[PDB]
Structures are given as C-alpha cells and as structure tokens.
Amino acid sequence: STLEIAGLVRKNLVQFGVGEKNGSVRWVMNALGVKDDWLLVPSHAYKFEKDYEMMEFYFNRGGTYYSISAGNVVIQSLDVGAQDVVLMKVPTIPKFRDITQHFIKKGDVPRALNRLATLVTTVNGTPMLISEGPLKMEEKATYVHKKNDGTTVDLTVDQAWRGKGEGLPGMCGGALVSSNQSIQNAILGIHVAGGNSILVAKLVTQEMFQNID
C-alpha cells in the first residue's frame, strides 16, 4: 500500500538546514536517510551557499540536531553526469533502517508512469502527503521553482518525474511513492522543484545505491 511505504519514508525523513556551528540553524528543506549514516540530499540545499568555511550541515532526526562540517563531509554521487541529488554521510547520525530495496528498479520505471503518486514530505515540522500524477518523465528539461525578490529558481533536471500538483517550499528532499501496488508502491525519487502546478522529482533507482559502501 501507499501508506505502508509512506510509513518507511517518514521514519527516515529529516529536516536539512545550514548554519554556523554556534549560530541559528536555517532549515532549507528535507533529506532522506537510506541506510546506516547515509542520506539522500538535493544538491540545491547547499549548492548556492556562499561561505563553506564556517558552514555546518544540520539534520534534525527526532528533535535532535546532528551536524557535520561541509569541509569534512563525505559526499557520494548517485550516478554519472549531472548530480542534483547526492548521497551524504553523517557519521554521528542515529542510524536509518535500510530502505534501499523499496527504491524502484530501473527496469520498473515504466510501471510508475501515468499513475498517480504521493509526495511524502515535511513542511516545517509538519509532515504532509501530497497527491500528484499521473506521472510523466523527461530525460532533460528546465523546471520552475521558488524565490521572489532577487532571482527565481528554474532547474534543468535530468531523468526527472513530473506530476501535476500543488506544493510548498520546504518540500524538496521528500520522497515520491508510486500508487502502483504491482511494483510495491516503490519510491521513485526525490522532490527537487515545484512551480506552475507541476511537481518535479529526480529519479532515484535501487541500483544507484550500489556505489556507497
């Protein structure tokens, strides 16, 4: 069921933020733990930050804020090319139950298309279940996002799910869960962009997780 997989996801979902070691943490979005001390994180969560010298990355896992210096982080790529979502290790993080196998197999991708799906996320504290779909897919495209005073955010994302939907900023980093019960309501990828009633998630497959250990 969708709920069952939403279940697994919620337990592994954390808030991701940036801040100085002894300063205010600025929560930017979500990150999803996948096993051990490894999480999936949209590169956009820190990629436009200015100062890496004194930037710690924060993860809120059960009301406690665990952290690691950007200078000390071990970051692993999911596949070749682009890199909009990476794998990050946070050695002091309370370990996640391995949900790697709930991730869709590359050859199963066509089974998620043209079905609805559910974006399982958080908006400051509050977890939500946002309906989307039916899902489309694009090898390459440039997508609209949120920032209203100096510069908007359009993102060229490769291998991306796109689903009609209405969301809110802060949703990025949440996981997309297929309603297709024949592929076990597989996690399809990570939400990376939301604008114009379209929701975009980078595809993340079971296979990409072979490159961590």
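Residue numbers here begin at 1 and follow the sequence given.
- The mean Cα B-factor in the deposited entry runs higher for 120-128 than for the other of 120-128 and 89-97.
- Per the PDB record, of the two stretches 204-212 and 3-11, 204-212 carries the greater mean B-factor over its C-alpha atoms.
- Taking only the listed residues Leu32, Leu168, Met29, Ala70, the entry reports the highest CA temperature factor at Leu168.
- Highest CA B-factor among the listed residues (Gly174, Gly150, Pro42, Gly163): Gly150.
- The PDB entry assigns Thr64 a C-alpha temperature factor belonging to the middle third of its chain's modelled residues.
- Placement of the Cα temperature factor of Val144 within the chain: highest third of the modelled residues, per the deposited record.
- Per-chain ranking of the deposited C-alpha B factor places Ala186 in the lowest third.
- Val80: CA B factor lies in the highest third for its chain, per the PDB record.
- Per the PDB record, residue ranking by Cα B-factor puts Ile198 in the highest third of the chain.
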